[PDB]
Amino acid sequence: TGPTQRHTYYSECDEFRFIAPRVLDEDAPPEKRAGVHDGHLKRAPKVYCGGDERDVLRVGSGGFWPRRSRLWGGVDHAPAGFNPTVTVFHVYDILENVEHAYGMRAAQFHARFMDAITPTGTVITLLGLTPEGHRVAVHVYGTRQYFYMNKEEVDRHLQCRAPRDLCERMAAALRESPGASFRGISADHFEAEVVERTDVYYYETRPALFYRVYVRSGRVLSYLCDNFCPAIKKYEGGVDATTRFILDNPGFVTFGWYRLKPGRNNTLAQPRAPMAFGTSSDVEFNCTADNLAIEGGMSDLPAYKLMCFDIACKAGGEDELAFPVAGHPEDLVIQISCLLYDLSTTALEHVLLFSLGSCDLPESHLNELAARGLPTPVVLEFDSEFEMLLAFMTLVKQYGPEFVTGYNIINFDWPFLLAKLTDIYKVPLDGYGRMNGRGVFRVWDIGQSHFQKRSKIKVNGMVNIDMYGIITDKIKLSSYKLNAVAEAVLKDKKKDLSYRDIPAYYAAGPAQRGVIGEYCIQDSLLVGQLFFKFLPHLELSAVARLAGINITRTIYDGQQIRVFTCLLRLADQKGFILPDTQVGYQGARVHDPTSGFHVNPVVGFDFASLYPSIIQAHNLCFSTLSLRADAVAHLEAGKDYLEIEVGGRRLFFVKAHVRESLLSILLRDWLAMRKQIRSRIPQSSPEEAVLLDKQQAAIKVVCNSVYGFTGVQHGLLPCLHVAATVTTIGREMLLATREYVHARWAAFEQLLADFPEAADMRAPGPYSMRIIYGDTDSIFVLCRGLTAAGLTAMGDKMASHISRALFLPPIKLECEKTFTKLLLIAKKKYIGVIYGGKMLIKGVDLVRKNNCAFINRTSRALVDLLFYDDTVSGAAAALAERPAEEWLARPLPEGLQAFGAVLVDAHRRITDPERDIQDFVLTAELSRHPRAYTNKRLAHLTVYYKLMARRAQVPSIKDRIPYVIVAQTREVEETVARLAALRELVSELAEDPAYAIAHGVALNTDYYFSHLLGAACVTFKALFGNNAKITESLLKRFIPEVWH
DNA sequence: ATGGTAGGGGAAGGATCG
DNA sequence: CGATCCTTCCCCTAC
Ligand SMILES: Cn1cc(C(=O)NCc2ccc(Cl)cc2)c(=O)c2cc(CN3CCOCC3)ccc21
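When the letters of the first sequence are read in order and numbered with the entry's author numbering, they come out as residues 59 to 640, 694 to 1095, 1138 to 1197.
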């Protein structure tokens, strides 16, 4: 009969816009080859492979790429008698769509589904595979969104006193909509129960009557919540139908192994006829939710496919050496490397090269690959950009990669390709996902927006995992160029590339373009290696399984949604309903440290998950809070509730036995689950142990996300009172721990009394025990008069004692570290030597990946000497012997001599050429869209605008920009004045390392030495009563005066 | 659309004091 | 009236 849901992906083509560089035409004179052919053409798209040629949209007998498709434009490319009986199947992503009965009356669906979607019905499509390998999509009918409204509030506001009345008013309001989107919608299209529920906010709140309204269309529910009755609180109206399908059917997950089973009236699932399919899948199914169950024994992934891909493009305009622009039809996409792996076997299965202008890959590359057990690359030759891109999209649709990865493919690759396919070549994308049409293929940028905080890529049925963000979150670097990341993680350096070199390599011919192919394939291989080292798919799938959210929203839609979903589950379970809404509170207090170098033993105590344990112990929650005394005036204070003053206002938190905290329950259950699964790591195969580790990681993530979720003003379900109470309780606890240690163990008598272990630990000097440092949940205590022999093993017992004697469970204080020497520099900045010989650096420019590697190495060597050299340590002790104030006129002790040496060596490396300029590059992140800036006079901003004027690589909206500092010259000052006049010395001397190396520009030698001295001053002011000016002065005594 | 409060220190520019 | 400070913004940390 034909398809029931029109396939919008191109299966036929007879005429297209042809664009291709004239440089590829050899029979043309070497003079008439500069430009780029552009114009309409009327021939069928074709692709060349190995001397043979075939139409791009030709599918069947002989193909160049692998194909996992069945339907292709109303053709059933499946061997007749293909009726695989499906029992179990794995699910990775979930679609939420609308289906009308009038549309589907052609399809021979059962009566049940047509009743489910009679005017319009929401359908939940589970996508995945069978164990055999078949692509499968099961459609779940019956899922209905629903939201609550107070009955006492609605009855009197809308002059109605019955649920059918509410249905009538809703239908009417939807009729007189702006655009008459819903015309003919009537009251019988809605269901309205009356049910007793409780608002989650505040203990005083008592149950009441709410109208529960069931809605079949996300559009209708959205319009209702937006402008139905704005003066009435609406509950859970944002909950999408997928979340309802997950939570209302207990046991279900968003990622895992399901099984078809018999249903309510002995109902069985029904398989769809091929012409009714709506996916690029081999078999599809219709079923209600009771036809589904979970399968337990199943634990391993199925044969999901992962396409890793990178692209490379070239300009076409007057300047072919400038960076391309996808909006200009002259700049084209020259090459696309695309390699497909199997995710269950982490093995590479196919490698493909899409190229404009046929080529032969270099032989060193081919030899390395074929020797590394990898498959033989297959090159696809194209004459135009349209044919190449169409073939790439046809590959995406036919092979149907369930997962897709690359590097910086969110800000460059996908936007470039899709801008080409959309703005220039005019191609619809709604069918090139998993759905045959009407799908999702959008790409979000930041731009001049306020609400958005992250770039996203969402493709239905296609999980995009950009390894860029993965590395940015998991690894700490100064720059994230793919080759730098490769060398830093895998210790495998590979060739760099720039657009400045691409046109030449293209013009020389098929071999110098096969070089470009080699570079793209090497990039893609490196990305694949990173992917399967960090295993982001398993991590994020475990998070999705835990939070009841699909993999896509797991990745790109924030953290608040996960905590919100779990809390929604628990609150609906326990009788609440979440109301829809839409520097806040005092944080922690860092213990004012008395700075300096400490050589006596230091002990480090800290709390295990301080904020979650506070929430657990004190029963903090939305439902246990109250702002009014009369609410808690009927129970005994202290024994039944906790009175506390937070932010100049009294708060009451009813204790556990009155009303149990929802947050406490979530945290306790998550913690017990984490402990259970971690107890299985030993007696488990490493294959299983990787999954177990990802699981426990996800659990810890959500646990640490609880408090943050509570503290997001104007977020979803916010309650800053809880966050401020948590921080205040933590501050109080730290203060109390300090005072207890001070008062109870001032005398060594008591230290011996409680622990008969300080006998074999009494040091020469006098006994003292005083808190020296503290931050949020940490305590560093000085132990003059004790030996650092078993200070760890006795501080363990100490912390256990303090926890037992001071705090309610599950609050726990542990002894983690004991330092031999420690440098208290300033607030939240310190460096120390652990008793185990390992160094510890926090806060200082050392860890701050914004500085140049040279000053980093130098200051490192300095501190290394300060800790791993006995003479300079005794020298610091000598500096301590005296107040340091007199030393502006006194001499520095001999030990410090070493410093001078290293310092002067610095100067050498600064001015002496043949040094690496990359060893001298600064980095800085570009936070916002530059138009929204308050100073507008920043180094990386100068470099940004300069790169923009030079038609260079415009940095993506949130990367790190590298730069260097020029010295003042005639050209520098002249161009400064010229640019100033055009727009109409301070740190304007900032330049791209690239431009400033090929133009032979010289660095500001004075600046880098002055900042080496500044970093030294900042790091070593501690040893001189923390005075900066005095430290700079007496540091001048390590530098020849001809440099001051 | 959907990520918290503390911090220190560097760059840039205005205000202030003798 | 000229350095000295004093504000503000911005980077990236530690919890
Ligand atoms: C790494 N990190 C990120 C955070 C964050 O992103 N908050 C915003 C937010 C908002 C909504 C959601 Cl859903 C999720 C997250 C933190 O808040 C944070 C806090 C601590 C304090 N620690 C923790 C426990 O005991 C006391 C000391 C330590 C590390 C932290």
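All C-beta atoms, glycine included, are put in the ideal place defined by N, C-alpha and C.
Taking residue i as the reference, give the member of the options with the closest Cα.
i, options, result
"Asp-980", "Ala-1181, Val-944, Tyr-68", "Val-944"
"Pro-877", "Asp-886, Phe-866, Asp-888, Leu-893", "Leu-893"
"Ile-635", "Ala-1092, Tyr-259, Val-198", "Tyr-259"
"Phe-1031", "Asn-962, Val-81, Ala-1012", "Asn-962"
"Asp-907", "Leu-917, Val-252, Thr-1053, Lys-923", "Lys-923"
"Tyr-457", "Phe-470, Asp-246, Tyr-399", "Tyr-399"
"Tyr-1148", "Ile-1076, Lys-591, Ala-605", "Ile-1076"
"residue 1135", "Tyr-1044, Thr-183, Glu-1144, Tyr-465", "Residues lacking coordinates in the chain include everything strictly between 1095 and 1138, among them residue 1135."
"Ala-1175", "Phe-1162, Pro-1066, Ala-995, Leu-555", "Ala-995"
"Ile-467", "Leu-432, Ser-536, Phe-367, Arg-492", "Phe-367"
"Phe-444", "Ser-413, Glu-754, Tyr-465", "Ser-413"
"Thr-256", "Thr-929, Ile-482, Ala-250, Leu-626", "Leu-626"
"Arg-91", "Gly-336, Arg-75, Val-133, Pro-561", "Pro-561"
"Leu-1188", "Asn-1179, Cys-1170, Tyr-316", "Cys-1170"
"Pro-1073", "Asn-1046, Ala-1088, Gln-1029, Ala-767", "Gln-1029"
"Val-383", "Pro-568, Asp-340, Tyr-557, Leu-976", "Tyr-557"
"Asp-630", "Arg-75, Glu-294, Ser-127", "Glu-294"
"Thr-848", "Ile-913, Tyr-483, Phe-303", "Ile-913"
"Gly-321", "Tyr-483, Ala-299, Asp-348", "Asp-348"
"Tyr-483", "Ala-565, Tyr-68, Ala-783", "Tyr-68"
"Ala-1017", "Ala-972, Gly-985, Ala-988", "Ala-972"
"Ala-858", "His-825, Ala-835, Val-833, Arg-895", "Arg-895"
"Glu-154", "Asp-780, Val-498, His-95", "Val-498"
By DSSP, does residue i sit in helix, in strand, or in coil?
i, result
"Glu-226", "helix"
"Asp-531", "helix"
"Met-520", "strand"
"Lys-372", "strand"
"residue 1100", "Missing here is residue 1100: after 1095, the next number in the chain is 1138."
"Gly-1006", "helix"
"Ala-1035", "strand"
"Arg-700", "coil"
"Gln-640", "coil"
"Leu-453", "helix"
"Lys-104", "strand"
"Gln-166", "coil"
"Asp-173", "helix"
"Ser-889", "strand"
"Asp-110", "strand"
"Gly-179", "strand"
"residue 1199", "Outside the displayed range of the chain (59 to 1197) lies residue 1199, so it cannot be described from this structure."
"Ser-395", "strand"
"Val-144", "coil"
Got a sec: does ligand 3 put a non-hydrogen atom nearer than 7 Å to the Cβ of residue i?
i, result
"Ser-775", "This structure lacks ligand 3; its bound ligands are ligand 1."
### Message
Just to confirm the assignment: which complete alpha helix (DSSP H) runs, minimum length 4, are found wholly within the stretch 184–221?
### Response
209–215
Just to confirm the assignment: which complete alpha helix (DSSP H) runs, minimum length 4, are found wholly within the stretch 304–369? none
Suppose only complete runs of 4+ residues qualify. What are the alpha helix (DSSP H) ranges in the stretch 218–301, listed by chain order? 221–233, 276–285
Any contact of the stretch 428–446 with the stretch 497–515, i.e. 3+ C-beta pairs under 8 Å?
no
At which residue ranges does the stretch 469–518 contain complete alpha helix (DSSP H) runs of 4 or more residues, listed in the order of the chain?
-> 472–477
Original post:
Touching or not, the stretch 1064–1082 and the stretch 1024–1041, by the rule of three or more beta carbon pairs under 8 Å?
Top reply: yes
Any contact between the stretch 866–882 and the stretch 919–934? By contact I mean 3 or more CB pairs, one from each, below 8 Å. no
- Query: Which parts of the stretch 789–839 are runs of the alpha helix (DSSP H), unbroken and 4 residues or longer, counting only runs that do not cross its ends?
  - Reply: 797–821
So within the stretch 907–978, which uninterrupted beta strand (DSSP E) runs reach at least 3 residues, ignoring any that extend past its ends? 924–937, 940–945, 950–953
Next item on the list: Could you say if the stretch 235–246 and the stretch 203–216 meet the contact criterion of at least three C-beta pairs nearer than 8 Å?
Entry: no
Does the count of Cβ pairs from the stretch 375–395 and the stretch 347–365 closer than 8 Å reach three?
-> no
query = Counting Cβ pairs, one atom from each stretch, are 3 or more of them under 8 Å apart for the stretch 125–142 and the stretch 161–181?
reply = no
Check: Fully enclosed by the stretch 540–594, which alpha helix (DSSP H) runs are 4 residues long or longer?
Finding: 540–547, 560–565, 568–592
request  = Would you check if the stretch 279–296 and the stretch 194–205 touch, i.e. whether three or more CB-CB distances between them fall below 8 Å?
outcome  = yes
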